[PDB]
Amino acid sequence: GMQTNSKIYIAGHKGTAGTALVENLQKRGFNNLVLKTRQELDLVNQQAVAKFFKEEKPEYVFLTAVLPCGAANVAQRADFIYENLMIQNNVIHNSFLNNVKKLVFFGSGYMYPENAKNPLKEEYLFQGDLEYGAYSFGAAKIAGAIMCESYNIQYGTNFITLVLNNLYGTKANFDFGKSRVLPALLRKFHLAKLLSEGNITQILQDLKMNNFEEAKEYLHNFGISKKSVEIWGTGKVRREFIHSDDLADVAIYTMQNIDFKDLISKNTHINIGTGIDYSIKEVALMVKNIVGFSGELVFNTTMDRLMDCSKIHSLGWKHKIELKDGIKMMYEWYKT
């Protein structure tokens, strides 16, 4: 499909997936990208989106823009459904109206039933109720997948949905209270190692503090000590991770090689991932070993999510970046 000079729109280009798509496309020599910040183009606004498509006429679209659901903002139950449905509707429909050749949309494993068997098959859609916290976000993602398929059936569009669980990259936010599970664990174990070695000066520099008494209390409160790191929960819940370079790779592979006609007329979405999951305990141990911390884990007191990737494997794509290598890259970056 796409050539060097094809006009390619990446919606939500400043996010984790968006940034990875822009960087990988540029590295591969694609030099006709169209990018709009949130301030330039509000994707919830139908009139602004309609005018953009009419005036710019992109040939290919990667739809990465989202209001994401997590632990910190789970109260925004109405916003997760309204905003995500509007972004999906505005982009998908105006792509159709302006003769976009092909579009890739990203779904979430929260679209599958809370009690579904792992590994999750594409045909598990609608086989039971969704998890409570992510209920409205998951429902929006189902509607996005069904929208893509419905345009493909009625109008012969080529709009493909790729569904993933947890995304990470080399460059992460390591601020406490703001960091996801991998960067948070990495920083905890790095600090614990410094404590065990008696490197007071480096602790103060890492934390941006000038009083060690205050530093020791902050570490003690976040479960960090010279002998152990404290982990909330039993450590038994299992998670699958995909590196953003692998997300970019499969998205571009799909655009170039996988058409709607190859998938058929229900459950035509495609799961993506590495096909391997890890308990929180196993992840913590891997991080401990990469950092080189000589101490222990301690636990203080239930839905697993792992894709069945049989479909995408059958279509000729597999991941390159194993989780231990991805964590290693993140740690090297952190130390700069």
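Just count from 1 along the sequence shown to find any residue number.
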- Counting only residues of the deposited sequence, how many between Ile264 and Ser265 have no atoms in the entry (none, 1 to 3, 4 to 9, 10 or more)? 4 to 9
- Message: Our gap detector needs a label for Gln39 to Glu40. Which class matches the unmodelled residues of the deposited sequence there: none, 1 to 3, 4 to 9, or 10 or more?
- Response: none
- Task: State which stretch shows the higher mean Cα B factor in the entry: 149-157 or 185-193.
- Result: 185-193
- 197-205 versus 243-251 - greater average Cα B-factor per the deposited record: 197-205
- Task: Tell me, please, which of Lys102, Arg77, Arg180, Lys141 has the highest C-alpha B factor according to the deposited entry?
- Result: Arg180
- Comparing C-alpha B-factors across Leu125, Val163, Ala172, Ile92 in this entry, the winner is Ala172
- Query: What third of its chain's C-alpha B-factors does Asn115 belong to: lowest, middle or highest?
  - Reply: highest
- Give the position of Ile276 by CA B-factor within its chain, expressed as the lowest, middle or highest third. middle
- Query: What third of its chain, lowest, middle or highest, does the C-alpha temperature factor of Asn32 fall into?
  - Reply: lowest
- Task: Could you tell me which third, lowest, middle or highest, the C-alpha B-factor of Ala134 occupies within its chain?
- Result: middle
- Message: Splitting the chain's C-alpha B-factors into thirds, which one does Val287 fall into?
- Response: highest
